[PDB]
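Take a look at this one chain, the form deposited in one PDB entry, written out in structure tokens.
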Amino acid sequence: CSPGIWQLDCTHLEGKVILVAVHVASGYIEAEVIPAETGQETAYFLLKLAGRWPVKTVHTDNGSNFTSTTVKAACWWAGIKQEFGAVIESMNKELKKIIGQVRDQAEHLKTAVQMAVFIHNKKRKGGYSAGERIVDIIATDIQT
């Protein structure tokens, strides 16, 4: 898929909120455990993400997540547009299973989440991992 397209959603687990971003073309994920589902948290996550990867457009399954002033200011400043055009269902499903598998390896949920992100991104799927594919996709895109 287009290399600047990301999918962003929140999930719930243990009374806490997990913000999950998926680079659509590679399956690569970035996540954070946030205190609450707010416009402030989403805008902050977006700005961080865009300073790390070339974020052109962002899609979500909950369009109302993106209507606050705060979120639209973050997209304005970072040059992000909303994307109007199985991967995402697979990667998200995949994340909860791994969180479930390592949950007892960490005291806190946020640690388990990051362990699952790490496992997910490094898993060779053949056969490269999602982390290998996102850097190849971005590096090839740089060179014209």
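For every residue, the number given is its place in the sequence shown, counted from 1.
Novice: Counting the other entries of this protein, is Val87 left out in at least a third of them?
Specialist: Result for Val87: often missing, at least a third of the compared entries.
Novice: Check whether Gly126 goes without coordinates in at least a third of the other compared PDB entries of this protein that model residues on both sides of it.
Specialist: Yes, a third or more of the compared structures omit it.
Novice: Could you bin the unmodelled part of the deposited chain lying between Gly126 and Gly127 as none, 1 to 3, 4 to 9, or 10 or more?
Specialist: Count of unmodelled residues in between: 1 to 3.
Novice: According to the entry, are there none, 1 to 3, 4 to 9, or 10 or more residues of the deposited sequence without coordinates between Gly85 and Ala86?
Specialist: The entry has a gap there, with 4 to 9 residues left out between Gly85 and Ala86.
Novice: Which of the two stretches, 42 to 50 or 106 to 114, shows the higher mean Cα temperature factor in the record?
Specialist: The stretch with the larger average C-alpha B-factor is 106 to 114.
Novice: I need to verify one thing: averaged over C-alpha atoms only, is the B-factor higher for 63 to 71 or for 93 to 101?
Specialist: On average, C-alpha B-factors are higher across 93 to 101.
Novice: Based on the PDB record, which member of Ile119, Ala36, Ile29, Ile80 exhibits the highest Cα temperature factor?
Specialist: Answer, based on the entry's C-alpha B-factors: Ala36.
Novice: Within this chain, which third does the Cα B-factor at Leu13 fall in: lowest, middle or highest?
Specialist: Highest third - that is where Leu13 ends up once the chain's C-alpha B-factors are sorted.
Keep in mind that the form solved in complex with a partner chain is missing from the display, and what follows is about it.
Novice: Hey, in the deposited bound form, is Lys96 touching the partner chain, heavy atoms inside 4.5 Å?
Specialist: Result no; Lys96 lies far from the partner chain in the deposited bound form.
Novice: Hey, in the deposited bound form, does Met91 get a heavy atom within 4.5 angstroms of the partner chain?
Specialist: No, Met91 is distant from the partner.
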